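my_file.json (JSON, N, CA and C atoms)
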[["chain", "number", "residue", "atom", "x", "y", "z"],
["A", 347, "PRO", "N", 35.73, 57.84, -39.99],
["A", 347, "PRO", "CA", 34.55, 56.96, -39.89],
["A", 347, "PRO", "C", 34.29, 56.14, -41.15],
["A", 348, "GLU", "N", 34.27, 56.76, -42.32],
["A", 348, "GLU", "CA", 34.07, 56.00, -43.55],
["A", 348, "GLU", "C", 35.15, 54.94, -43.72],
["A", 349, "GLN", "N", 36.40, 55.29, -43.44],
["A", 349, "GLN", "CA", 37.48, 54.31, -43.54],
["A", 349, "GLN", "C", 37.31, 53.18, -42.53],
["A", 350, "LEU", "N", 36.84, 53.50, -41.32],
["A", 350, "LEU", "CA", 36.59, 52.46, -40.33],
["A", 350, "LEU", "C", 35.42, 51.56, -40.72],
["A", 351, "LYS", "N", 34.42, 52.09, -41.45],
["A", 351, "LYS", "CA", 33.37, 51.22, -41.98],
["A", 351, "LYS", "C", 33.96, 50.25, -42.99],
["A", 352, "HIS", "N", 34.88, 50.72, -43.84],
["A", 352, "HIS", "CA", 35.54, 49.82, -44.77],
["A", 352, "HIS", "C", 36.30, 48.73, -44.01],
["A", 353, "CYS", "N", 37.00, 49.11, -42.95],
["A", 353, "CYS", "CA", 37.70, 48.13, -42.11],
["A", 353, "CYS", "C", 36.73, 47.13, -41.50],
["A", 354, "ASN", "N", 35.59, 47.61, -41.00],
["A", 354, "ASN", "CA", 34.62, 46.69, -40.42],
["A", 354, "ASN", "C", 34.08, 45.73, -41.47],
["A", 355, "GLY", "N", 33.88, 46.22, -42.70],
["A", 355, "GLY", "CA", 33.43, 45.34, -43.77],
["A", 355, "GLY", "C", 34.44, 44.25, -44.06],
["A", 356, "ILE", "N", 35.72, 44.62, -44.11],
["A", 356, "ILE", "CA", 36.79, 43.64, -44.28],
["A", 356, "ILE", "C", 36.74, 42.62, -43.16],
["A", 357, "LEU", "N", 36.64, 43.09, -41.92],
["A", 357, "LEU", "CA", 36.59, 42.19, -40.77],
["A", 357, "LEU", "C", 35.44, 41.20, -40.90],
["A", 358, "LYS", "N", 34.24, 41.69, -41.21],
["A", 358, "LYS", "CA", 33.11, 40.79, -41.40],
["A", 358, "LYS", "C", 33.39, 39.78, -42.50],
["A", 359, "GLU", "N", 34.00, 40.22, -43.60],
["A", 359, "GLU", "CA", 34.35, 39.28, -44.66],
["A", 359, "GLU", "C", 35.34, 38.21, -44.16],
["A", 360, "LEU", "N", 36.36, 38.61, -43.41],
["A", 360, "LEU", "CA", 37.34, 37.64, -42.93],
["A", 360, "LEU", "C", 36.70, 36.61, -42.02],
["A", 361, "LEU", "N", 35.61, 36.98, -41.34],
["A", 361, "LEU", "CA", 34.90, 36.10, -40.43],
["A", 361, "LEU", "C", 33.76, 35.35, -41.09],
["A", 362, "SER", "N", 33.53, 35.55, -42.38],
["A", 362, "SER", "CA", 32.37, 35.01, -43.07],
["A", 362, "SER", "C", 32.60, 33.58, -43.55],
["A", 363, "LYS", "N", 31.51, 32.90, -43.85],
["A", 363, "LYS", "CA", 31.61, 31.51, -44.27],
["A", 363, "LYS", "C", 32.41, 31.37, -45.56],
["A", 364, "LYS", "N", 32.42, 32.40, -46.40],
["A", 364, "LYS", "CA", 33.16, 32.35, -47.66],
["A", 364, "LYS", "C", 34.62, 31.93, -47.46],
["A", 365, "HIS", "N", 35.23, 32.37, -46.35],
["A", 365, "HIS", "CA", 36.66, 32.17, -46.14],
["A", 365, "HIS", "C", 36.96, 31.20, -45.00],
["A", 366, "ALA", "N", 35.93, 30.54, -44.46],
["A", 366, "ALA", "CA", 36.11, 29.78, -43.23],
["A", 366, "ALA", "C", 37.10, 28.63, -43.38],
["A", 367, "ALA", "N", 37.25, 28.08, -44.59],
["A", 367, "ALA", "CA", 38.12, 26.92, -44.75],
["A", 367, "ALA", "C", 39.57, 27.22, -44.39],
["A", 368, "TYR", "N", 40.01, 28.46, -44.57],
["A", 368, "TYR", "CA", 41.36, 28.89, -44.23],
["A", 368, "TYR", "C", 41.40, 29.94, -43.13],
["A", 369, "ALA", "N", 40.28, 30.58, -42.79],
["A", 369, "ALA", "CA", 40.31, 31.59, -41.74],
["A", 369, "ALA", "C", 40.20, 31.00, -40.34],
["A", 370, "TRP", "N", 39.66, 29.79, -40.20],
["A", 370, "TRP", "CA", 39.27, 29.32, -38.87],
["A", 370, "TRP", "C", 40.39, 29.31, -37.84],
["A", 371, "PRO", "N", 41.66, 29.05, -38.17],
["A", 371, "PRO", "CA", 42.67, 29.08, -37.10],
["A", 371, "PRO", "C", 42.83, 30.44, -36.46],
["A", 372, "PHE", "N", 42.40, 31.50, -37.14],
["A", 372, "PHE", "CA", 42.58, 32.89, -36.73],
["A", 372, "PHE", "C", 41.38, 33.46, -36.02],
["A", 373, "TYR", "N", 40.35, 32.64, -35.76],
["A", 373, "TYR", "CA", 39.12, 33.14, -35.16],
["A", 373, "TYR", "C", 39.29, 33.54, -33.70],
["A", 374, "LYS", "N", 40.12, 32.83, -32.95],
["A", 374, "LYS", "CA", 40.24, 33.00, -31.50],
["A", 374, "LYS", "C", 41.70, 33.03, -31.12],
["A", 375, "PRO", "N", 42.03, 33.56, -29.94],
["A", 375, "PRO", "CA", 43.44, 33.55, -29.52],
["A", 375, "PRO", "C", 44.03, 32.15, -29.58],
["A", 376, "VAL", "N", 45.29, 32.05, -30.00],
["A", 376, "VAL", "CA", 46.00, 30.79, -29.92],
["A", 376, "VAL", "C", 46.00, 30.33, -28.47],
["A", 377, "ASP", "N", 45.52, 29.11, -28.23],
["A", 377, "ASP", "CA", 45.53, 28.51, -26.89],
["A", 377, "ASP", "C", 46.78, 27.64, -26.85],
["A", 378, "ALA", "N", 47.89, 28.24, -26.42],
["A", 378, "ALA", "CA", 49.18, 27.56, -26.52],
["A", 378, "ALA", "C", 49.19, 26.28, -25.71],
["A", 379, "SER", "N", 48.65, 26.33, -24.50],
["A", 379, "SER", "CA", 48.62, 25.13, -23.67],
["A", 379, "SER", "C", 47.79, 24.03, -24.34],
["A", 380, "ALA", "N", 46.62, 24.38, -24.87],
["A", 380, "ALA", "CA", 45.77, 23.37, -25.48],
["A", 380, "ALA", "C", 46.46, 22.73, -26.68],
["A", 381, "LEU", "N", 47.24, 23.51, -27.41],
["A", 381, "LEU", "CA", 47.93, 23.02, -28.60],
["A", 381, "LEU", "C", 49.30, 22.43, -28.30],
["A", 382, "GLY", "N", 49.75, 22.45, -27.05],
["A", 382, "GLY", "CA", 51.07, 21.94, -26.73],
["A", 382, "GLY", "C", 52.21, 22.85, -27.13],
["A", 383, "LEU", "N", 51.94, 24.13, -27.39],
["A", 383, "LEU", "CA", 52.93, 25.08, -27.90],
["A", 383, "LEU", "C", 53.53, 25.85, -26.72],
["A", 384, "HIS", "N", 54.36, 25.14, -25.95],
["A", 384, "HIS", "CA", 54.87, 25.69, -24.69],
["A", 384, "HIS", "C", 55.91, 26.76, -24.90],
["A", 385, "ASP", "N", 56.33, 27.01, -26.14],
["A", 385, "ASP", "CA", 57.22, 28.10, -26.49],
["A", 385, "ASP", "C", 56.50, 29.28, -27.14],
["A", 386, "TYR", "N", 55.19, 29.18, -27.37],
["A", 386, "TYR", "CA", 54.50, 30.19, -28.18],
["A", 386, "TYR", "C", 54.68, 31.59, -27.60],
["A", 387, "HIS", "N", 54.45, 31.74, -26.30],
["A", 387, "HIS", "CA", 54.50, 33.06, -25.68],
["A", 387, "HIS", "C", 55.92, 33.53, -25.37],
["A", 388, "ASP", "N", 56.92, 32.68, -25.58],
["A", 388, "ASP", "CA", 58.30, 33.14, -25.56],
["A", 388, "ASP", "C", 58.69, 33.72, -26.91],
["A", 389, "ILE", "N", 58.05, 33.28, -27.98],
["A", 389, "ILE", "CA", 58.38, 33.71, -29.33],
["A", 389, "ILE", "C", 57.48, 34.85, -29.79],
["A", 390, "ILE", "N", 56.21, 34.80, -29.41],
["A", 390, "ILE", "CA", 55.20, 35.77, -29.81],
["A", 390, "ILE", "C", 54.91, 36.67, -28.63],
["A", 391, "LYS", "N", 55.36, 37.92, -28.71],
["A", 391, "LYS", "CA", 55.19, 38.84, -27.60],
["A", 391, "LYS", "C", 53.84, 39.55, -27.62],
["A", 392, "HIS", "N", 53.20, 39.64, -28.78],
["A", 392, "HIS", "CA", 51.94, 40.35, -28.93],
["A", 392, "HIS", "C", 50.96, 39.49, -29.71],
["A", 393, "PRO", "N", 50.30, 38.54, -29.04],
["A", 393, "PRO", "CA", 49.31, 37.70, -29.72],
["A", 393, "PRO", "C", 48.19, 38.55, -30.31],
["A", 394, "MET", "N", 47.62, 38.08, -31.41],
["A", 394, "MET", "CA", 46.48, 38.76, -32.02],
["A", 394, "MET", "C", 45.66, 37.74, -32.80],
["A", 395, "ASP", "N", 44.36, 38.00, -32.90],
["A", 395, "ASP", "CA", 43.42, 37.10, -33.56],
["A", 395, "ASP", "C", 42.18, 37.91, -33.93],
["A", 396, "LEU", "N", 41.33, 37.32, -34.77],
["A", 396, "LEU", "CA", 40.18, 38.07, -35.28],
["A", 396, "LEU", "C", 39.15, 38.39, -34.22],
["A", 397, "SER", "N", 38.98, 37.55, -33.19],
["A", 397, "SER", "CA", 38.00, 37.90, -32.15],
["A", 397, "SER", "C", 38.47, 39.12, -31.36],
["A", 398, "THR", "N", 39.78, 39.27, -31.18],
["A", 398, "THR", "CA", 40.31, 40.44, -30.50],
["A", 398, "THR", "C", 40.15, 41.67, -31.36],
["A", 399, "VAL", "N", 40.42, 41.55, -32.67],
["A", 399, "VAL", "CA", 40.16, 42.65, -33.59],
["A", 399, "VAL", "C", 38.69, 43.05, -33.53],
["A", 400, "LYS", "N", 37.79, 42.07, -33.53],
["A", 400, "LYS", "CA", 36.36, 42.37, -33.47],
["A", 400, "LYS", "C", 35.99, 43.09, -32.18],
["A", 401, "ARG", "N", 36.51, 42.62, -31.04],
["A", 401, "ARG", "CA", 36.20, 43.28, -29.78],
["A", 401, "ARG", "C", 36.71, 44.72, -29.78],
["A", 402, "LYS", "N", 37.91, 44.93, -30.30],
["A", 402, "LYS", "CA", 38.46, 46.28, -30.38],
["A", 402, "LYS", "C", 37.61, 47.16, -31.29],
["A", 403, "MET", "N", 37.13, 46.63, -32.41],
["A", 403, "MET", "CA", 36.27, 47.41, -33.29],
["A", 403, "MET", "C", 34.96, 47.76, -32.59],
["A", 404, "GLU", "N", 34.34, 46.77, -31.94],
["A", 404, "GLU", "CA", 33.08, 47.01, -31.25],
["A", 404, "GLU", "C", 33.23, 48.03, -30.14],
["A", 405, "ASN", "N", 34.38, 48.04, -29.48],
["A", 405, "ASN", "CA", 34.65, 48.97, -28.38],
["A", 405, "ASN", "C", 35.14, 50.32, -28.86],
["A", 406, "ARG", "N", 35.22, 50.53, -30.17],
["A", 406, "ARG", "CA", 35.70, 51.79, -30.75],
["A", 406, "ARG", "C", 37.15, 52.06, -30.35],
["A", 407, "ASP", "N", 37.93, 51.00, -30.20],
["A", 407, "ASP", "CA", 39.33, 51.13, -29.84],
["A", 407, "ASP", "C", 40.13, 51.67, -31.01],
["A", 408, "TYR", "N", 39.86, 51.22, -32.22],
["A", 408, "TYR", "CA", 40.64, 51.68, -33.37],
["A", 408, "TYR", "C", 40.23, 53.10, -33.72],
["A", 409, "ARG", "N", 41.20, 53.99, -33.78],
["A", 409, "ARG", "CA", 40.92, 55.37, -34.15],
["A", 409, "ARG", "C", 41.09, 55.62, -35.65],
["A", 410, "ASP", "N", 41.76, 54.74, -36.37],
["A", 410, "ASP", "CA", 41.92, 54.91, -37.81],
["A", 410, "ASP", "C", 42.19, 53.56, -38.45],
["A", 411, "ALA", "N", 42.13, 53.55, -39.77],
["A", 411, "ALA", "CA", 42.29, 52.32, -40.54],
["A", 411, "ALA", "C", 43.67, 51.72, -40.35],
["A", 412, "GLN", "N", 44.71, 52.55, -40.26],
["A", 412, "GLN", "CA", 46.05, 52.01, -40.12],
["A", 412, "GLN", "C", 46.22, 51.23, -38.82],
["A", 413, "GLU", "N", 45.56, 51.66, -37.76],
["A", 413, "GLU", "CA", 45.65, 50.94, -36.49],
["A", 413, "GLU", "C", 45.00, 49.57, -36.61],
["A", 414, "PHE", "N", 43.84, 49.50, -37.26],
["A", 414, "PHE", "CA", 43.18, 48.23, -37.54],
["A", 414, "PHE", "C", 44.07, 47.34, -38.39],
["A", 415, "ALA", "N", 44.64, 47.89, -39.47],
["A", 415, "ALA", "CA", 45.47, 47.08, -40.35],
["A", 415, "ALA", "C", 46.69, 46.55, -39.61],
["A", 416, "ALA", "N", 47.26, 47.34, -38.71],
["A", 416, "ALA", "CA", 48.44, 46.89, -37.98],
["A", 416, "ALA", "C", 48.12, 45.65, -37.14],
["A", 417, "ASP", "N", 46.92, 45.59, -36.54],
["A", 417, "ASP", "CA", 46.55, 44.41, -35.77],
["A", 417, "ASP", "C", 46.33, 43.20, -36.67],
["A", 418, "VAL", "N", 45.64, 43.38, -37.81],
["A", 418, "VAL", "CA", 45.43, 42.24, -38.69],
["A", 418, "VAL", "C", 46.77, 41.71, -39.20],
["A", 419, "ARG", "N", 47.67, 42.60, -39.58],
["A", 419, "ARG", "CA", 48.96, 42.17, -40.07],
["A", 419, "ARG", "C", 49.81, 41.54, -38.97],
["A", 420, "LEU", "N", 49.70, 42.05, -37.74],
["A", 420, "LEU", "CA", 50.37, 41.43, -36.60],
["A", 420, "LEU", "C", 49.94, 39.98, -36.43],
["A", 421, "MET", "N", 48.65, 39.71, -36.56],
["A", 421, "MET", "CA", 48.14, 38.35, -36.50],
["A", 421, "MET", "C", 48.83, 37.45, -37.52],
["A", 422, "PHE", "N", 48.92, 37.91, -38.77],
["A", 422, "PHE", "CA", 49.60, 37.12, -39.79],
["A", 422, "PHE", "C", 51.09, 36.97, -39.49],
["A", 423, "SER", "N", 51.75, 38.07, -39.10],
["A", 423, "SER", "CA", 53.18, 38.01, -38.80],
["A", 423, "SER", "C", 53.48, 37.04, -37.68],
["A", 424, "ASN", "N", 52.62, 36.96, -36.67],
["A", 424, "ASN", "CA", 52.86, 36.02, -35.60],
["A", 424, "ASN", "C", 52.88, 34.59, -36.14],
["A", 425, "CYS", "N", 51.95, 34.29, -37.05],
["A", 425, "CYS", "CA", 51.90, 32.96, -37.65],
["A", 425, "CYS", "C", 53.17, 32.68, -38.45],
["A", 426, "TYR", "N", 53.63, 33.66, -39.23],
["A", 426, "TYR", "CA", 54.85, 33.51, -40.03],
["A", 426, "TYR", "C", 56.09, 33.40, -39.15],
["A", 427, "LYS", "N", 56.08, 34.02, -37.98],
["A", 427, "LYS", "CA", 57.23, 33.95, -37.09],
["A", 427, "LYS", "C", 57.31, 32.60, -36.40],
["A", 428, "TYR", "N", 56.18, 32.09, -35.93],
["A", 428, "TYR", "CA", 56.19, 30.90, -35.09],
["A", 428, "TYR", "C", 56.39, 29.62, -35.90],
["A", 429, "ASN", "N", 55.84, 29.56, -37.10],
["A", 429, "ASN", "CA", 55.73, 28.32, -37.84],
["A", 429, "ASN", "C", 56.71, 28.25, -38.99],
["A", 430, "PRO", "N", 57.20, 27.05, -39.32],
["A", 430, "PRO", "CA", 57.99, 26.90, -40.54],
["A", 430, "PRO", "C", 57.18, 27.34, -41.75],
["A", 431, "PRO", "N", 57.84, 27.87, -42.78],
["A", 431, "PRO", "CA", 57.11, 28.46, -43.91],
["A", 431, "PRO", "C", 56.33, 27.45, -44.75],
["A", 432, "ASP", "N", 56.62, 26.16, -44.64],
["A", 432, "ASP", "CA", 55.90, 25.13, -45.39],
["A", 432, "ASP", "C", 54.72, 24.54, -44.62],
["A", 433, "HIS", "N", 54.39, 25.10, -43.46],
["A", 433, "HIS", "CA", 53.34, 24.56, -42.60],
["A", 433, "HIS", "C", 51.96, 24.88, -43.16],
["A", 434, "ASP", "N", 51.02, 23.95, -42.94],
["A", 434, "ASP", "CA", 49.64, 24.15, -43.40],
["A", 434, "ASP", "C", 49.04, 25.45, -42.88],
["A", 435, "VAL", "N", 49.30, 25.79, -41.61],
["A", 435, "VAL", "CA", 48.67, 26.99, -41.07],
["A", 435, "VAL", "C", 49.21, 28.24, -41.75],
["A", 436, "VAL", "N", 50.47, 28.21, -42.21],
["A", 436, "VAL", "CA", 51.05, 29.34, -42.93],
["A", 436, "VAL", "C", 50.39, 29.50, -44.29],
["A", 437, "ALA", "N", 50.12, 28.38, -44.98],
["A", 437, "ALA", "CA", 49.40, 28.47, -46.25],
["A", 437, "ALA", "C", 48.04, 29.10, -46.06],
["A", 438, "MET", "N", 47.37, 28.77, -44.96],
["A", 438, "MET", "CA", 46.07, 29.36, -44.65],
["A", 438, "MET", "C", 46.20, 30.85, -44.36],
["A", 439, "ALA", "N", 47.20, 31.23, -43.56],
["A", 439, "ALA", "CA", 47.47, 32.64, -43.30],
["A", 439, "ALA", "C", 47.70, 33.42, -44.59],
["A", 440, "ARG", "N", 48.51, 32.88, -45.50],
["A", 440, "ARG", "CA", 48.81, 33.59, -46.74],
["A", 440, "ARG", "C", 47.54, 33.82, -47.55],
["A", 441, "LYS", "N", 46.66, 32.83, -47.61],
["A", 441, "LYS", "CA", 45.42, 32.99, -48.35],
["A", 441, "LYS", "C", 44.53, 34.04, -47.71],
["A", 442, "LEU", "N", 44.39, 34.01, -46.39],
["A", 442, "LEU", "CA", 43.57, 35.01, -45.72],
["A", 442, "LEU", "C", 44.19, 36.40, -45.84],
["A", 443, "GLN", "N", 45.53, 36.49, -45.80],
["A", 443, "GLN", "CA", 46.17, 37.79, -45.96],
["A", 443, "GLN", "C", 45.96, 38.33, -47.36],
["A", 444, "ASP", "N", 45.92, 37.46, -48.37],
["A", 444, "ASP", "CA", 45.62, 37.92, -49.72],
["A", 444, "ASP", "C", 44.24, 38.56, -49.77],
["A", 445, "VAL", "N", 43.24, 37.91, -49.15],
["A", 445, "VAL", "CA", 41.91, 38.50, -49.07],
["A", 445, "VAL", "C", 41.99, 39.88, -48.43],
["A", 446, "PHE", "N", 42.66, 39.95, -47.28],
["A", 446, "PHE", "CA", 42.76, 41.20, -46.54],
["A", 446, "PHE", "C", 43.44, 42.30, -47.36],
["A", 447, "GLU", "N", 44.62, 42.01, -47.91],
["A", 447, "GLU", "CA", 45.40, 43.07, -48.54],
["A", 447, "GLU", "C", 44.70, 43.60, -49.78],
["A", 448, "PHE", "N", 44.08, 42.74, -50.57],
["A", 448, "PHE", "CA", 43.44, 43.23, -51.78],
["A", 448, "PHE", "C", 42.24, 44.11, -51.45],
["A", 449, "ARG", "N", 41.45, 43.76, -50.43],
["A", 449, "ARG", "CA", 40.31, 44.61, -50.08],
["A", 449, "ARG", "C", 40.76, 45.86, -49.33],
["A", 450, "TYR", "N", 41.76, 45.74, -48.45],
["A", 450, "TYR", "CA", 42.27, 46.90, -47.74],
["A", 450, "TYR", "C", 42.77, 47.95, -48.72],
["A", 451, "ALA", "N", 43.41, 47.51, -49.81],
["A", 451, "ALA", "CA", 43.93, 48.43, -50.81],
["A", 451, "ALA", "C", 42.84, 49.26, -51.47],
["A", 452, "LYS", "N", 41.58, 48.80, -51.44],
["A", 452, "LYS", "CA", 40.44, 49.54, -51.98],
["A", 452, "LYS", "C", 39.86, 50.57, -51.01],
["A", 453, "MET", "N", 40.57, 50.87, -49.94],
["A", 453, "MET", "CA", 40.14, 51.85, -48.95],
["A", 453, "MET", "C", 39.66, 53.13, -49.64],
["A", 454, "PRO", "N", 38.47, 53.62, -49.31],
["A", 454, "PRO", "CA", 38.06, 54.94, -49.81],
["A", 454, "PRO", "C", 38.98, 56.01, -49.25],
["A", 455, "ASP", "N", 39.46, 56.88, -50.13],
["A", 455, "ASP", "CA", 40.32, 57.98, -49.70],
["A", 455, "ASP", "C", 40.31, 59.14, -50.69]]

Please express the file's structure as structure tokens.
Amino acid sequence: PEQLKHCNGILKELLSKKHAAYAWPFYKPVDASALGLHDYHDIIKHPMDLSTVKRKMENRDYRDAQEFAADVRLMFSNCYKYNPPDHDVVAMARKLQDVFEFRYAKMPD
């Protein structure tokens, strides 16, 4: 429970205005059709985004911190897999992942 509160705090931070300039692409599921990404679901087998993480947290789906972290990292990995490494969205992912990893490392234990 204490570790999951730390995870929820991280989640709220990732969704906060402080990080919105680079977090916003990750707020909602990638809408591949809307974006013209007709190969997205052939390349990305397990889509993930912060609204899905939030719903899972609210539903008490995550049983431990590692399960939460695996979903957040999956979200970033999907971005790194789909996009060329010099893409603007990848730069945004890297910045948001830096926020995540440094705070996640402070997990109470």

DSSP alpha helix (DSSP H) residues within chain A, listed as a ChimeraX atom specification: /A:348-360,366-369,378-381,386-389,396-404,411-428,434-450

Best match for closeness to residue 390 in chain A among A:419, A:358, A:374, A:427, counting only C-alpha atoms: A:427

All residues 6.5 Å or closer to residue 442 in chain A, only N, CA and C atoms, same chain fewer than 4 positions away omitted, as a ChimeraX atom specification: /A:368-369,437-438,446-447

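Of note, atom N of residue 411 in chain A and atom C of residue 350 in chain A are spaced 7.1 Å apart.
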
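CA of residue 383 in chain A is found 27.4 Å from CA of residue 362 in chain A.
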
Exercise: residues within 6 Å of coordinate (45.6, 36.1, -41.2), counting only N, CA and C atoms, as a PyMOL selection string: chain A and resi 421-422+439+442-443

Polymer residues at most 8 Å from residue 349 in chain A, all atoms listed in the file, same-chain spacing of 4 or more positions, as a PDB file with N, CA and C atoms, in the coordinates of the input:
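Result file result34.pdb:
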ATOM      1  N   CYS A 353      37.000  49.110 -42.950  1.00  0.00           N
ATOM      2  CA  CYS A 353      37.700  48.130 -42.110  1.00  0.00           C
ATOM      3  C   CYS A 353      36.730  47.130 -41.500  1.00  0.00           C
ATOM      4  N   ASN A 354      35.590  47.610 -41.000  1.00  0.00           N
ATOM      5  CA  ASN A 354      34.620  46.690 -40.420  1.00  0.00           C
ATOM      6  C   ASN A 354      34.080  45.730 -41.470  1.00  0.00           C
ATOM      7  N   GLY A 355      33.880  46.220 -42.700  1.00  0.00           N
ATOM      8  CA  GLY A 355      33.430  45.340 -43.770  1.00  0.00           C
ATOM      9  C   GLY A 355      34.440  44.250 -44.060  1.00  0.00           C
ATOM     10  N   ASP A 410      41.760  54.740 -36.370  1.00  0.00           N
ATOM     11  CA  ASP A 410      41.920  54.910 -37.810  1.00  0.00           C
ATOM     12  C   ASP A 410      42.190  53.560 -38.450  1.00  0.00           C
ATOM     13  N   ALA A 411      42.130  53.550 -39.770  1.00  0.00           N
ATOM     14  CA  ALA A 411      42.290  52.320 -40.540  1.00  0.00           C
ATOM     15  C   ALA A 411      43.670  51.720 -40.350  1.00  0.00           C
ATOM     16  N   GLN A 412      44.710  52.550 -40.260  1.00  0.00           N
ATOM     17  CA  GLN A 412      46.050  52.010 -40.120  1.00  0.00           C
ATOM     18  C   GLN A 412      46.220  51.230 -38.820  1.00  0.00           C
ATOM     19  N   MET A 453      40.570  50.870 -49.940  1.00  0.00           N
ATOM     20  CA  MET A 453      40.140  51.850 -48.950  1.00  0.00           C
ATOM     21  C   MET A 453      39.660  53.130 -49.640  1.00  0.00           C
ATOM     22  N   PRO A 454      38.470  53.620 -49.310  1.00  0.00           N
ATOM     23  CA  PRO A 454      38.060  54.940 -49.810  1.00  0.00           C
ATOM     24  C   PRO A 454      38.980  56.010 -49.250  1.00  0.00           C
ATOM     25  N   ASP A 455      39.460  56.880 -50.130  1.00  0.00           N
ATOM     26  CA  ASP A 455      40.320  57.980 -49.700  1.00  0.00           C
ATOM     27  C   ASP A 455      40.310  59.140 -50.690  1.00  0.00           C
TER      28      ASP A 455
END

Could you give me the centre and size, in Å to one decimal, of an axis-aligned box around all listed atoms of range 393-400 of chain A with 4 Å added on every side, as JSON?
{"center_x": 43.1, "center_y": 40.1, "center_z": -32.2, "size_x": 22.3, "size_y": 14.0, "size_z": 14.2}

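Closest approach to residue 373 in chain A among A:398, A:414, A:356, A:392 is made by A:398 (distances from all atoms listed in the file).
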
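In this comparison, which uses only N, CA and C atoms, the residue of A:409, A:440, A:415, A:428 approaching residue 347 in chain A most closely is A:409.
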
CA of residue 360 in chain A to atom C of residue 396 in chain A, straight-line distance in Å: 8.9 Å

Distance query residue 397 in chain A at most 10 Å, only C-alpha atoms, self and fewer than 3 positions along chain excluded, as JSON, numbers by chain: {"A": [357, 361, 372, 373, 374, 375, 394, 400, 401, 402, 403]}

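In this comparison, which uses only C-alpha atoms, the residue of A:413, A:429, A:424, A:408 approaching residue 391 in chain A most closely is A:424.
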
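Proximity to residue 450 in chain A was assessed for A:382, A:366, A:352, A:430 counting only N, CA and C atoms; the smallest distance is recorded for A:352.
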
Starting from the block above, write range 401-440 of chain A out to a file with C-alpha atoms, as an mmCIF file, in the first residue's frame, please.
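Below is the file that was written, selection17.cif:
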data_model
loop_
_atom_site.group_PDB
_atom_site.id
_atom_site.type_symbol
_atom_site.label_atom_id
_atom_site.label_comp_id
_atom_site.auth_asym_id
_atom_site.auth_seq_id
_atom_site.Cartn_x
_atom_site.Cartn_y
_atom_site.Cartn_z
ATOM 1 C CA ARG A 401 -7.937 3.774 -14.655
ATOM 2 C CA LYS A 402 -5.993 0.699 -13.544
ATOM 3 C CA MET A 403 -4.837 2.513 -10.390
ATOM 4 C CA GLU A 404 -8.364 3.720 -9.596
ATOM 5 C CA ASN A 405 -9.700 0.181 -10.114
ATOM 6 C CA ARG A 406 -7.034 -1.276 -7.784
ATOM 7 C CA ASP A 407 -5.704 -3.339 -10.687
ATOM 8 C CA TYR A 408 -2.051 -2.882 -9.745
ATOM 9 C CA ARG A 409 -1.069 -5.199 -6.919
ATOM 10 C CA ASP A 410 2.469 -3.820 -6.494
ATOM 11 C CA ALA A 411 4.776 -1.046 -7.610
ATOM 12 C CA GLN A 412 6.599 -3.201 -10.151
ATOM 13 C CA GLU A 413 3.361 -3.879 -12.029
ATOM 14 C CA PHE A 414 2.657 -0.135 -12.211
ATOM 15 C CA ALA A 415 6.210 0.587 -13.349
ATOM 16 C CA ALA A 416 5.992 -2.075 -16.058
ATOM 17 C CA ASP A 417 2.977 -0.293 -17.599
ATOM 18 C CA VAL A 418 4.608 3.146 -17.476
ATOM 19 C CA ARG A 419 7.772 1.769 -19.054
ATOM 20 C CA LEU A 420 5.717 -0.110 -21.674
ATOM 21 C CA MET A 421 4.205 3.232 -22.680
ATOM 22 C CA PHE A 422 7.672 4.701 -23.223
ATOM 23 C CA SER A 423 8.975 1.574 -24.983
ATOM 24 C CA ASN A 424 6.085 1.671 -27.431
ATOM 25 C CA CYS A 425 7.063 5.222 -28.369
ATOM 26 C CA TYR A 426 10.724 4.213 -28.798
ATOM 27 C CA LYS A 427 9.730 1.207 -30.910
ATOM 28 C CA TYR A 428 7.349 2.981 -33.279
ATOM 29 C CA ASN A 429 9.208 6.241 -33.902
ATOM 30 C CA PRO A 430 12.645 7.113 -35.255
ATOM 31 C CA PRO A 431 14.950 8.082 -32.382
ATOM 32 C CA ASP A 432 15.304 11.709 -33.584
ATOM 33 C CA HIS A 433 11.525 12.321 -33.551
ATOM 34 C CA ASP A 434 10.021 15.102 -31.433
ATOM 35 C CA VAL A 435 7.692 12.686 -29.645
ATOM 36 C CA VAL A 436 10.694 10.554 -28.614
ATOM 37 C CA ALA A 437 12.408 13.598 -27.096
ATOM 38 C CA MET A 438 9.227 14.198 -25.107
ATOM 39 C CA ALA A 439 9.087 10.555 -24.001
ATOM 40 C CA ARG A 440 12.708 10.683 -22.820
#
